[PDB]
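Below is one structure, written out as structure tokens; comments come after it.
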Amino acid sequence: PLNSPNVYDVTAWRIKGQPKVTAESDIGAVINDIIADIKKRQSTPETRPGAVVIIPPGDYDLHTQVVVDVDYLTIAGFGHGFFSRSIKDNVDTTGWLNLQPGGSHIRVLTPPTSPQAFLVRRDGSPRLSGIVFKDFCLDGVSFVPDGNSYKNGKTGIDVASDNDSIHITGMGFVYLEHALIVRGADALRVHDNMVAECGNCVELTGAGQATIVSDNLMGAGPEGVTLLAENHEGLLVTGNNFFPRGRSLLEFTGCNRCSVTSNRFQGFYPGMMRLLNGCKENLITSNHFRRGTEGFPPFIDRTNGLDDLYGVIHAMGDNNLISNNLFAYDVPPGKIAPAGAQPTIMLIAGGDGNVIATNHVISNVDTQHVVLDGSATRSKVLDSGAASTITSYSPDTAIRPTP
Amino acid sequence: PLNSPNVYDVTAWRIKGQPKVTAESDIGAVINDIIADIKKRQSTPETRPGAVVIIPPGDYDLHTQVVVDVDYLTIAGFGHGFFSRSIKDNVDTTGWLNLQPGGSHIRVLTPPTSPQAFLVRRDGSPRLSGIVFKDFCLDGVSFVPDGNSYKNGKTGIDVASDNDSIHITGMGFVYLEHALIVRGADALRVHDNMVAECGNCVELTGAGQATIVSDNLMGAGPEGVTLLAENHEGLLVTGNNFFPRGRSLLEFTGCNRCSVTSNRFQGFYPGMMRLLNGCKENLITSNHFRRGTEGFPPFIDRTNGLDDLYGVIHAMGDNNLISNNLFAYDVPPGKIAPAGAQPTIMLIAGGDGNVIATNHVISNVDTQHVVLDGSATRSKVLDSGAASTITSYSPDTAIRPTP
Amino acid sequence: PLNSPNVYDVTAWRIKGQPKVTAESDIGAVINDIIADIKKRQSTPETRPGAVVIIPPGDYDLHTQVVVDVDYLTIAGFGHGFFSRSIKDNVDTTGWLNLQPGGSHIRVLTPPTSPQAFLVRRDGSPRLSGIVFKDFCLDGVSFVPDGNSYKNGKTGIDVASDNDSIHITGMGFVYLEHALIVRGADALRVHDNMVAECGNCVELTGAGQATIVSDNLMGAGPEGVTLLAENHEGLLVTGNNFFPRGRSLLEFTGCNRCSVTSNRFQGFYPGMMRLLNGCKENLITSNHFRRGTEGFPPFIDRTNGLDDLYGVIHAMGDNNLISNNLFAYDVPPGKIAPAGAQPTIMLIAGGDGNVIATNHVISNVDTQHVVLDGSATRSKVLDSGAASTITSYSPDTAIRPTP
Ligand SMILES: OC[C@H]1O[C@@](CO)(OC[C@@]2(OC[C@@]3(O[C@H]4O[C@H](CO)[C@@H](O)[C@H](O)[C@H]4O)O[C@H](CO)[C@@H](O)[C@@H]3O)O[C@H](CO)[C@@H](O)[C@@H]2O)[C@@H](O)[C@@H]1O
Ligand SMILES: OC[C@H]1O[C@@](CO)(OC[C@@]2(OC[C@@]3(O[C@H]4O[C@H](CO)[C@@H](O)[C@H](O)[C@H]4O)O[C@H](CO)[C@@H](O)[C@@H]3O)O[C@H](CO)[C@@H](O)[C@@H]2O)[C@@H](O)[C@@H]1O
Ligand SMILES: OC[C@H]1O[C@@](CO)(OC[C@@]2(OC[C@@]3(O[C@H]4O[C@H](CO)[C@@H](O)[C@H](O)[C@H]4O)O[C@H](CO)[C@@H](O)[C@@H]3O)O[C@H](CO)[C@@H](O)[C@@H]2O)[C@@H](O)[C@@H]1O
Ligand SMILES: OC[C@H]1O[C@@](CO)(OC[C@@]2(OC[C@@]3(O[C@H]4O[C@H](CO)[C@@H](O)[C@H](O)[C@H]4O)O[C@H](CO)[C@@H](O)[C@@H]3O)O[C@H](CO)[C@@H](O)[C@@H]2O)[C@@H](O)[C@@H]1O
Ligand SMILES: OC[C@H]1O[C@@](CO)(OC[C@@]2(OC[C@@]3(O[C@H]4O[C@H](CO)[C@@H](O)[C@H](O)[C@H]4O)O[C@H](CO)[C@@H](O)[C@@H]3O)O[C@H](CO)[C@@H](O)[C@@H]2O)[C@@H](O)[C@@H]1O
Ligand SMILES: OC[C@H]1O[C@@](CO)(OC[C@@]2(OC[C@@]3(O)O[C@H](CO)[C@@H](O)[C@@H]3O)O[C@H](CO)[C@@H](O)[C@@H]2O)[C@@H](O)[C@@H]1O
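Residue numbers (the entry's author numbering), protein chains in the order written: chain C, 9 to 411; chain A, 9 to 411; chain B, 9 to 411.
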């Protein structure tokens, strides 16, 4: 196409010894053969600049898991091609002009034993570096045993090895149990993506450093995470629009010295935000929280098994700043668990030194804006409700009621 | 170019039977013919993955309105090509090496009866999905009768039918009366664009859900809007730089449970931000506001028809949190309207439970940091000025002055 | 490649008379001949729409400085190709599968007489407009005399003329004393870049207007800046992840009515943020600051020569809002200068009417959350620590202790 052997068009690649195989019939095999060509020509630690794999708009079945074990590989389409399969599966589509996602459209038809469409994994040194996924659709096609299970065992992109300077951007994920998993992320960017109608959206597993999750649209399933981070340091979550219906919208476990700022959070279940298992010194600020109830008939009765005393925020850690957030709670009294209970907006489950400052709460019912567990120590609650909206079972909580 | 019929180069496409109609002479007609061919080959609701329309950098005249009525259409250039036609039209251009915009440069020369370059509209189901406009320039060429009317009746992109997961990014819009309009937007993304020297910049009309307006440069004209949203829910506005000279910089009519955070606002008129017609449960935080006066001679006498008592923020609605903003007012006494009036910075025009917290105000003349209408109820004002600077005409407002 | 002469592939372009020069041998000489070609075809102020230069993935030497003196020039590649040269230069790389950066990889080998790989400068008129750098790697290859000096005389991109609407996105910069310099920047966007192991990262010099620095990963060298801005007005610095080891992470000199919000800052030295020489009406809000100590052995004894009384924030100017930040200071007591000193988190070195509000400080030792110089006037410190944590040498500081 261009005068480099490092620029690949998947619709122009012939696999030697498998001439009938196309990008349409199995783009996985085609890209595995492309990665082989790259490894045959890039034969030394000083001749490995990587390459780019172009995916034109079109419908491509992936049957073979692609293994990405080369630094500086870029896989690029020209469109995220997102489509609400969830609405399609549940409504009368008679006269509908389109019935599936498109753009640079990869349908994930992987074997159960290698379920992930893209497995980024290198045994050895150094960390895989500078890999870029952008501007194409990853479509799991269907959920089993019906379209509403948010279950099918398929993953879009799974980074298994310690990685450095990976960039995921302009992607479309639909109808995967797991859209994107990154283990061992240093200097990762997950930026300006459409990740919706997946069991789980973005999983930052193991540990991580200096990562940005920015400017994304995300919506997961009732038994799954929207954003999760395990043992992350200086993770920045900014500019994201988290909508339903994951078990949670944000979930840190053992995360310290991260920041969640200028996001929008709409949840249909309690525990939209969870800082778990001792999260220290985290900034949770300039965020809009909205706790509503399911309006899509097919999901009216599905729940995450948590009651309205769980918190919209549930926080177990030291020295977090939960400040300048708006909480708009609207749940029909007959859909609140337990019956007759006041919903808790912010629950400090435990930890030393946490500060709740400058928070506005609206509810359709009498709610406790802040409940502090008895185990909370040296906690401060400032201008986050009248005195009747603050419950401190901890006897050392300094409270300034909103005047 | 690539080995897929779903990739089109506007400079390579010949309209069979019309060898005169080129991308240079009428890029509209070329794109209409390309879309005709997309429809011809993609003739069932399960073979409609869409296409990409590549616009190489150049000067292309658009005479025929393009109608985008296909899902997953990407129209992609290689550069926004922004050029201040406004300075070109008002200073000595002797010796100037360039007098117009460029990049992937579409000159919008549409007839007054089909004035929008791009009409995205589908009478049918479902919602048009996953359309991408990226990395090219829309240039209205001239305002009439002179360069400073911000009037020509032309629109860049007009989404006139309910839509899902549209992506507009890396664009340049210039000298259009309307840059971008999106009716009934769901999961829309207006990201990292240059929308300046247009009568209106981004109008989000009718209703919407789950939209992000992020990381954009935006400057409109005095009878137009910079960003407007009608009846939007869960709209996040973040990381934008709004400069003059729109009638307003942000204008939400009837928007609820939206968020405006981490933006910079510079205007030359009163009412830079307007929450109008019952805006409820919205967060306005972590924003820098600058109210100054017109410095560019050709516009010094121009006004938006509003006095300094309207507010830098004008809010009509319930339970808005206006917090953690810096306000810098610098207007010569002789430019204040009415002459001898104390400028108002934040005006609660009416509504219930609005909270003003932790706002720093600097002004060159004595100003009221907050004014609250007599009709306002359950207002709280905290640490947003000294008592001299807060005026509550309502008797139920709680005020803690800044120490 | 495409059917427009305004689209160039650096691997496909032969230099007339120098048929021995390739993109590999000297990409600077090829790109200069490409710009020669652009200037031969585009020879009037209305036939100058620019061009895109495509850099395929590969290893390219650049011996010859590139002069970019045309509006709407896009230099584009397919990956940022970032690789930690710093870790490589200080560990056993036996059996390392890769030893340099890649993607669209420009090895910058400039002579000291023309040290900047890309000099963007026009001595003519008007201001250079709409130039786009995206999606390639600039790599200075080595520091001298040793890999740990962060010194080599080289610059990636130096914009030396007043400019308008330049866009720097998806870049990788590594091992350059200066990555990006933009003198006189108007409507500049430095968005979504990897700018690391560079003496200086982003230098915004002379003056500036309406600029956004967003969604960037940045790490500089201990005698150089990460983000510097001089006499910038209305600079928005948002969504960035700033890590060590810059002498500073953010440094303003004479910048007014700017905003630093929703950033992550990690420093190893005092003076991570400096608002120098009369900074006014700036917003420092919703940022996470971490002060730690060098953990990387080669740099353990390496310092920026400042002591712990200098400040995590060091502010000289008027009416700044430093609100809603979290500061996490953890420095082994043996590594605190002077010996036995209380580290300063926020130093108001001078200025009138600055306001510190709603700041949570964590430290391992007794800190002063806020020190205000005797030359400070009309300062205000709200809910940013107990009385014992706020030190005012100035007699007129209004202090509300955290309750
Ligand atoms: O200054 C903050 C930084 O300093 C440390 C140094 O280790 O802070 C430790 C810290 O807590 C001590 C410790 O345990 C406590 O842990 C609970 C939360 O994890 C806390 O709520 C309980 O009160 C207490 O049991 O944390 C570590 C585990 O990481 C454990 O080894 C310690 O026992 O000291 C203070 C309590 O006195 C806390 O405010 C602070 O978190 C470092 O962790 C901080 O980064
Ligand atoms: O998109 C540009 C249009 O939007 C505005 C809206 O403010 O921009 C002007 C602009 O300029 C800098 C500055 O001044 C200018 O005025 C001079 C008149 O003598 C002229 O010669 C300069 O070359 C021209 O740039 O604006 C302010 C007030 O005038 C002043 O401080 C400067 O000198 O401001 C924008 C953001 O700073 C820039 O992009 C733009 O250059 C509008 O004026 C334009 O029509
Ligand atoms: O709990 C928040 C939710 O409350 C709804 C309930 O569906 O809003 C209740 C709300 O407003 C009612 C209403 O408001 C107005 O008329 C009042 C006269 O009593 C006047 O005092 C208020 O200032 C004015 O807003 O808004 C809707 C339409 O916009 C209309 O049906 C009503 O007249 O009532 C509370 C007490 O007044 C307010 O705090 C609250 O906003 C729902 O919209 C919210 O999501
Ligand atoms: O190199 C360190 C040695 O240099 C000194 C200067 O003689 O300090 C430089 C330093 O700190 C000065 C400091 O104190 C100043 O203001 C006080 C009243 O406003 C006054 O009593 C002191 O005499 C005066 O030096 O500044 C802050 C207060 O502004 C305070 O924390 C400091 O002690 O300048 C930097 C900050 O501006 C610091 O990094 C540095 O220590 C000497 O004292 C040192 O031994
Ligand atoms: O509305 C504020 C705007 O007005 C300006 C000037 O048009 O600045 C006014 C301002 O600055 C005064 C001045 O300051 C020195 O002033 C004080 C000396 O007593 C000292 O406290 C300050 O540290 C120092 O800045 O600033 C300008 C230029 O720097 C100079 O002409 C003055 O001497 O007046 C107040 C002090 O009374 C300040 O709060 C305010 O900044 C403009 O710069 C503002 O944007
Ligand atoms: O600290 C910032 C600067 O250090 C660089 C090298 O100069 O990278 C270091 C790195 O991490 C620090 C460290 O603790 O991590 C590994 C543990 O596996 C050790 O080698 C180090 O002691 O910091 C980033 C995260 O910001 C990681 O990706 C690196 O490993 C440099 O790139 C940076 O500017």
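Where is the CB? At the ideal position from N, CA and C, for every residue including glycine.
So which residues on chain B does residue i lean against when the C-beta distance must stay under 7 Å?
i: C:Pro57; result: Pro65, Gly66, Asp67, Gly89, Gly110, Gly111, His113
i: C:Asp404; result: Correct list: empty, because the minimum Cβ distance to chain B is about 12 Å.
i: A:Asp17; result: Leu10, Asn11
i: A:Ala395; result: Correct list: empty, because the minimum Cβ distance to chain B is about 14 Å.
i: C:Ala365; result: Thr366, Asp391
Can you pull the chain B residues whose beta carbon is under 9 Å from the beta carbon of residue i, in chain order?
i: C:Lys388; result: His368, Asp391, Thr410, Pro411
i: C:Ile220; result: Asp200, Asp223, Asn224, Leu225, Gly247, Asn248, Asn249, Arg272
i: C:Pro119; result: What C:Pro119 touches in chain B: nothing, since even the nearest Cβ is about 28 Å away.
Applying a beta-carbon distance threshold of less than 9 Å, which residues of chain C neighbour residue i?
i: A:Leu105; result: Within 9 Å Cβ-Cβ: nothing; A:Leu105 doesn't reach chain C, min ~30 Å.
Quick check: the Cα distance between residue i and residue j, rounded to an integer number of angstroms?
i: B:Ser12; j: A:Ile63; result: 9 Å
i: C:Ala323; j: C:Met280; result: 11 Å
i: A:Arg255; j: A:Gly359; result: 24 Å
i: B:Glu185; j: C:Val78; result: 28 Å
i: A:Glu54; j: C:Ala59; result: 32 Å
i: A:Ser371; j: B:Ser270; result: 26 Å
i: B:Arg310; j: A:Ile308; result: 54 Å
i: A:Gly207; j: A:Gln124; result: 14 Å
i: C:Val149; j: C:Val182; result: 8 Å
i: C:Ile407; j: C:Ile398; result: 8 Å
Going along chain C in order, which residues have a C-beta closer than 8 Å to the C-beta of residue i?
i: B:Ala125; result: Under the 8 Å cutoff, chain C gives no residues; its nearest Cβ is about 17 Å from B:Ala125.
i: B:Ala20; result: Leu10, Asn11
Name the chain C residues that come within less than 7 Å of residue i, Cβ to Cβ?
i: A:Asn14; result: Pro64, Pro65, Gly66
Taking C-beta pairs closer than 8 Å, name the residues in chain A that residue i reaches, listed in chain order.
i: B:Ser133; result: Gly103, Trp104, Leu105
Show which residues of chain B have a CB atom less than 8 Å away from the CB atom of residue i.
i: C:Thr82; result: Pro65, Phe86, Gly87, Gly111
Give the interface partners of residue i over in chain A, defined as CB-CB distance under 7 Å, in chain order.
i: C:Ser92; result: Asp172
Taking residue i as the query, report the chain A residues whose CB atoms sit under 9 Å from its CB, ordered along the chain.
i: B:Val210; result: Correct list: empty, because the minimum Cβ distance to chain A is about 16 Å.
inquiry  = Along the stretch 239 to 272 of chain B, where does the CB come closer than 7 Å to a CB of chain C? Name the residues.
reply    = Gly247, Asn249, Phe251, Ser270, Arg272
task = Could you tell me whether the stretch 80 to 89 of chain C touches the stretch 99 to 111 of chain C, using the rule of 3 or more Cβ pairs below 8 Å?
result = yes
message = Counting only Cβ-Cβ distances shorter than 9 Å, please list the residues of the stretch 368 to 382 of chain C near chain B, keeping chain order.
response = none
inquiry  = So within the stretch 91 to 179 of chain A, which uninterrupted alpha helix (DSSP H) runs reach at least 4 residues, ignoring any that extend past its ends?
reply    = 93 to 96
request  = Note down, one range per segment and in chain order, each beta strand (DSSP E) of at least 3 residues found wholly within the stretch 283 to 325 of chain C.
outcome  = 291 to 293, 296 to 299, 321 to 324
Contact set between the stretch 326 to 349 of chain B and chain A, restricted to residues whose Cβ is under 7 Å from the partner = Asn327, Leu329, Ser331, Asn332
message = At a CB distance below 8 Å, what residues from the stretch 177 to 204 of chain C approach chain A? Give them in sequence order.
response = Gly178, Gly180, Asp200, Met202, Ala204
request  = Residues of the stretch 272 to 300 of chain A with a CB closer than 7 Å to any CB of chain C: list them in chain order, please.
outcome  = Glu289, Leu291, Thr293, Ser294
inquiry  = Does the contact criterion of 3 or more C-beta pairs under 8 Å hold for the stretch 293 to 312 of chain B versus the stretch 269 to 280 of chain B?
reply    = yes
Those runs of the beta strand (DSSP E) which lie wholly inside the stretch 176 to 259 of chain A and span at least 3 residues = 180 to 182, 186 to 194, 197 to 199, 202 to 204, 208 to 217, 220 to 222, 225 to 227, 233 to 238, 244 to 246
query = Three or more beta-carbon pairs under 8 Å between the stretch 246 to 265 of chain B and the stretch 238 to 257 of chain C, yes or no?
reply = yes
key: the stretch 203 to 219 of chain A in contact with the stretch 230 to 238 of chain C per 3-pair CB rule at 8 Å   = no
request  = Could you name the residues of the stretch 26 to 57 of chain C whose beta carbon sits closer than 8 Å to any beta carbon of chain B, in the order they occur along the chain?
outcome  = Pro53, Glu54, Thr55, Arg56, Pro57
key: Validate contact between the stretch 345 to 364 of chain A and the stretch 372 to 392 of chain A using beta carbons, cut 8 Å, 3 pairs   = yes
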